[PDB]
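Every residue, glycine as well, gets a Cβ built from its backbone with ideal geometry; the counts of neighbours run over all protein chains shown. Values in this text are rule-based calculations from the coordinates and carry no lab data.
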Amino acid sequence: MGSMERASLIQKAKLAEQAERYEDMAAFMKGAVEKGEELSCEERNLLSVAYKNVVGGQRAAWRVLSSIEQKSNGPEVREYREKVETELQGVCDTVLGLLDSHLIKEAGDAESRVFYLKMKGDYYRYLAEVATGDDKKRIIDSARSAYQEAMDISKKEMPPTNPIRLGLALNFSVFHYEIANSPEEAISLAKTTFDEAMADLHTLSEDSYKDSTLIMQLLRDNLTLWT
Amino acid sequence: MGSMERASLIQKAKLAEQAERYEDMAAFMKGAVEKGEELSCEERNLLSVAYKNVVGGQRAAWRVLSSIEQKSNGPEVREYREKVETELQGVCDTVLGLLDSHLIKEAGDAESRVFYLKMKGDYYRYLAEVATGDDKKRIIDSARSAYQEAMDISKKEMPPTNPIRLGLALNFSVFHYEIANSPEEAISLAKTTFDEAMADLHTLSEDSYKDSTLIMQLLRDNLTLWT
Amino acid sequence: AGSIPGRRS
Amino acid sequence: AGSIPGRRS
Ligand SMILES: *Cc1ccc(S(=O)(=O)n2c(Cl)nc3ccc(OC)cc32)cc1
Ligand SMILES: *Cc1ccc(S(=O)(=O)n2c(Cl)nc3ccc(OC)cc32)cc1
Ligand SMILES: [Ca+2]
Ligand SMILES: [Ca+2]
Ligand SMILES: [Cl-]
Ligand SMILES: [Cl-]
Ligand SMILES: [Cl-]
Ligand SMILES: [Cl-]
């Protein structure tokens, strides 16, 4: 996308979202990141939405194929699960590469730095979901380390109702439950996050209250499923 | 897909459908057609489902973008609508090329020949939806001619409840209403098709009755919207 | 209006 | 269970 203006890439990413063309959306936002300038709050959200939709479709397909393969246990099911898995890994490596070149290193404000470190944790988590063996171990630690740095910054720099702080805690709890085999850590983190946010709701406007309570309900939904 | 076995391409197209990976599904079925052998009834349905899903997503995106562009009337909305439109045209040209090389010419039974000629009409119709001017005229005539040959064969060779015959009549009626500016022809065709199918339902098994009445309900739904 | 959905098989 | 959907914005 080197010959397209930054502002045109951002405009086309918004059009692609409206058209439900998420692969295009991700390609436009990759092009915008590769312009080298930092991203605004809205632009970070466009980047994240685009790639979450692309990898979300790949993960759903991988789970369908993995379930068929496990039931079967010719080469075709394994071959096709492997093709989807390689494509998914490639998308995760692309996102991680954007974060490493050079979004995280240039992110100084807590809102941008926590946002990017949460993304780093999420995309290592999606790598971990398909990883097998000792490879899994280093990938799992990379996810954990990114989430933990984001948690440490968020607890020092953001109020307990901040939606990025809340979504980070939600996703790190899912990491604990689903990836790290630490359901008790997942439940503790979700409960503490929910309770600390509850106690800070009185400080918020009506619109901020709606944003924070929406994510708190996701924490409660997981706690209900886990307990 | 030249190095993959025909049977493996068909197996992977079925897996891709389960995984909702329709672009992959279409690529596998293109590879299977290019093996050069005729397609069975099930294989024809896989080909058609794959491409209908791919072009259906492109058409939906084109309509979103076309609506934004018409409301706006920088270059970005037009440029991006044009990109989607070119991609859609490319998929339609690919399907038409498979039908012309060499599915239709080798299709001798009425069920295969009508199926492929209906597809030819449908993909010219999708070209017509985005075409502008005198180009539109020749594309519209190509759709009409394919549908008409399919209609002529279906009326001679298939009972009025045959699901391919019914779906062909449904889609040709939509062509009349939406493309050819012939709403009265659309309504007449839908009513006559429905009534002739109704009169032949007594000949069918329970399972064939369910298949035919499902499509008859689509004809009735259009008649309700059109009258 | 509506053509055959044709998106499942 | 469920992570942040994160698929609309
Ligand atoms: C990881 C995560 C994703 C989305 C959200 S949110 O509340 O739905 N959200 C979006 Cl989609 N964009 C946002 C910008 C800023 C905030 O809070 C400052 C939230 C937000 C939260 C977490
Ligand atoms: C154009 C068209 C698409 C689908 C149908 S159907 O009844 O839903 N159908 C499918 Cl998806 N596959 C089929 C094979 C054979 C028949 O009837 C012989 C119908 C059918 C009809 C028309
Ligand atoms: Ca510039
Ligand atoms: Ca062979
Ligand atoms: Cl494969
Ligand atoms: Cl900075
Ligand atoms: Cl473009
Ligand atoms: Cl033949």
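Output the residue which, of all residues in the range B:69-94 that are surrounded by 15 or more Cβ atoms within 10 Å (Cβ to Cβ) and hydroxyl-bearing (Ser, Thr, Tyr), is farthest from the other protein chains (Cβ to nearest Cβ).
B:94
In the range B:180-195, what residues are touching a helix residue (DSSP H, G or I) at 6+ places or on another chain (Cβ under 9 Å) and surrounded by fewer than 21 Cβ atoms within 10 Å (Cβ to Cβ)?
Result: B:180, B:182, B:183, B:184, B:185, B:187, B:188, B:191, B:192.
Within the range A:146-158, is even one residue on the phi < 0 side of the Ramachandran plot, within 16 Å of ligand 6 (Cβ to nearest atom) and part of a helix (DSSP H, G or I)?
Taking the range A:146-158 first, the residues on the phi < 0 side of the Ramachandran plot are A:146-158.
Checking the rest, the ones that are also within 16 Å of ligand 6 (Cβ to nearest atom) come to A:153, A:157.
Those left that are additionally part of a helix (DSSP H, G or I): A:153, A:157.
Yes, the range A:146-158 contains a residue that is on the phi < 0 side of the Ramachandran plot, within 16 Å of ligand 6 (Cβ to nearest atom) and part of a helix (DSSP H, G or I).
Exactly one of (1) within 14 Å of the chain's Cα centre (by Cα); (2) crowded, with 19+ Cβ neighbours inside 10 Å is unmet by residue B:61. Its number?
Exception for residue B:61: condition (1).
Exactly one of (1) surrounded by 17 or more Cβ atoms within 10 Å (Cβ to Cβ); (2) more than 16 Å from ligand 7 (Cβ to nearest atom) is unmet by residue A:50. Its number?
Checking residue A:50 against (1) surrounded by 17 or more Cβ atoms within 10 Å (Cβ to Cβ); (2) more than 16 Å from ligand 7 (Cβ to nearest atom), the one that fails is (2).
Consider residue B:210 carefully, then state whether it is surrounded by 15 or more Cβ atoms within 10 Å (Cβ to Cβ) and either part of a helix (DSSP H, G or I) or more than 10 Å from chain C (Cβ to nearest Cβ) (or both). Step through it out loud before you land on a result.
Working: surrounded by 15 or more Cβ atoms within 10 Å (Cβ to Cβ): no; either part of a helix (DSSP H, G or I) or more than 10 Å from chain C (Cβ to nearest Cβ) (or both): yes.
So residue B:210 does not fit the description; no.
Determine which member of the set A:166, A:117, A:201 is within 14 Å of another protein chain (Cβ to nearest Cβ) and on the phi < 0 side of the Ramachandran plot.
Just a single option satisfies the conditions, and that option is A:166.
Residue under question is residue A:36, and the condition is that it be at positive phi and small (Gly, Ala, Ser); does it hold? Don't jump to the end; show me each part of the working.
Details: at positive phi: yes; small (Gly, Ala, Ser): yes.
Yes: the conditions hold for residue A:36.
Right, residue B:211: out of contact with any helix residue (DSSP H, G or I) (no Cβ under 8 Å at 6 or more places or on another chain) and of a type outside the set (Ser, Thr, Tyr) or not?
For residue B:211, the condition - out of contact with any helix residue (DSSP H, G or I) (no Cβ under 8 Å at 6 or more places or on another chain) and of a type outside the set (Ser, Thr, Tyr) - is not met.
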